[PDB]
Structures are given as structure tokens and as C-alpha cells.
């Protein structure tokens, strides 16, 4: 069984614009970072390929896909598309990430699935664009690779597919996509919509509809979440899923936004708890298909996914970053949101110290209601 990382430095040329949180390098940064740390070899890397039109149409509608292609190459917001497809605003702007970069991340998810089906283990850090809808952009996402991937598996004959989303934001796009079926089960832990995007979905009472009622489980969590609370919630929710669903295969999305250093979440987790969460899922369901996700702090993203790569790859995690790696991170013009918190300590070690605490009653209550 080989372990593979799907990626390419080309993502670096399809960055979001200016002000946008996705302006920073991410998968290209991960690749350069693992290379600088000498934690990856050429034969472990599979070059990302674009999703084909056919693969895209496994989930998205033609008119929507055609609009993304036209908007991108002509660099415009076609008449009626802002309203109809949610394209053009600050959130889902016109850029080359809208179709080319998105198609590359999505093809990489199909590649990750292809590798898994060959019996190998793969990680597509560019994947996990979980907010896009069948025919509309949303939450910085234009193409929903998790949904394309799940439909890819359904076409292959899988009838029990589990999707687990550990990103700090709700996979509203994925929820809608499989809300109606009992063939797919979606579990998402995320900041409560009472205070975080998408605000409109992500509540605990959304458990599906029709045949799929009972096959969607949202675990909304509070501000200031610590490591113990996140892992408590994870272990308990996995038990709920396990008692009701026996997956033939599962996909796991690993956005790094739940970390303390990422301002896009009110969660204050450590990279080490992030790593334990990943391993807890594997202990419960064995090996699955691994995807990236939201993560908007370059240092946080790089070190955390590096822990994931080291776990999968079977190599020891160095306790410190070498010079090439620190200089790489320092070269990223990022600018911390808070004028000065000082995140330079992140350059001094790969793993951060645990960030635990007591498990609040709120969290215990949510999981108890989720069970019933």
C-alpha cells in the first residue's frame, strides 16, 4: 500500500484576489514546505489533473459549469449570473481560481479516490471545497469536490458512503447535496451558525429529509472551543454515526481553520488535537479518502497538514522547523489580522502544545440531544 499526496505548484497561479482570505498560497505552500523540511519524495507525489466535464456533471448542472468557464476566460460577470449563480461579489469573485483552480482541486479529489480504490492511501489538500451548491457558488467555493467525489463513488456502485467534515464551518453545500438520500451520511462538526457562516444552515435539528431523514448530523460548537471539547464532540458523534450507519467507504475533510491561529474560526485548537482527531476517525472507521479544506493562516495550515502527511507517510515528526522552512514561511506576505499577537513562536516548532480544558455543559448537552 503506497501513500500519495495529490498536488501541484500550479495552484499558486490561481489565487483569490486582493482582500480575499484565500489570497494566500496554500497547497503550493504545503508542497514547498514539505520539500523544505525534506518530508516528501517525488514518487509520493501525484500531479493534479483537471476534473473532466463529465466528472463535474456528476454533481453540477451544465448551465452553472458553463457560466464559470465563460466568466473566467472573459473575466466578467455575465448578465444575470450575480443573482442566479452567486458569482462576482466579494465572496465568490471572478478570478482564475473560479474554474481552472477549482477544476484542478476537484480532479485531485477524483485522483485521491482513484488511488484509494487501488488500495493505496491518498491525501488531496486542495479538496474539501464543501460550500458550493449544485448550481450556485457559495462560501468562496465554486465547485463542490466532495459532492463530485461522492457521486463518483455512487456511480461505481457504492451504496453506503460516509462523509465527515472537520472544518470549523458547516459543509452546507454537501448537506444539501445528500439531504434527501440514505445512501450518503454526512457528519459535520463546526462553529454554530448562530454565530458563524453560513448562519443559515448547520443547526443540530437539520437531520435530513424523506429517505435521508436521520442521515445528516450537524454538531454545532461554541466560541472558544478547546481541544478536549473538540475531541469529546468528535468521539461521541462518531459513536452516533457508527450505531446507525456502516460505511462501505468514507471521506474525511481536514480544514485547518479550527486552529487557534486561524481568525476565521472562534475555535482555539492545537495542531496536536487536530492530528489526534484525524487518528480517532481512522480508529473508528479504518482508512478512508482524505481531503483538505478551509484554512486561512499560512503557518497554521503548513504545520498542521505536515503533521497529517507525517502520520500517513509513516515518518517521525521533527520537533523543529529547519532554516529553509522558516525562511519559506517568513517570505509569505501574510500580515496578521490582529496588529500584533506575535505568531513567530510557530516558526520555532512543528507541533504546538496541547490547548485543552474542561468540557462545557453546552457541549455535553448538544451531544446528548444529538444522540436522542
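Numbering follows the first chain given and starts at 1.
Two stretches are in play, 129 to 137 and 212 to 220, and the higher mean C-alpha B-factor belongs to 212 to 220. As listed in the deposited structure, the average C-alpha B-factor of 333 to 341 and of 61 to 69 is greater for 333 to 341. Which of 47, 53, 326, 303 has the largest Cα B-factor in the deposited entry comes down to 326. Highest C-alpha temperature factor among 292, 119, 202, 101 per the entry: 119. In the PDB entry, residue 347 places in the highest third of its chain by CA B-factor.
Placement of the Cα temperature factor of residue 276 within the chain: middle third of the modelled residues, per the deposited record. Sort the chain's modelled residues by C-alpha temperature factor and residue 142 lands in the lowest third, per the entry. In this PDB entry, residue 235 carries a Cα temperature factor that places it within the middle third of its chain's modelled residues.
In the deposited entry, the Cα temperature factor of residue 165 places it in the lowest third of its chain's modelled residues.
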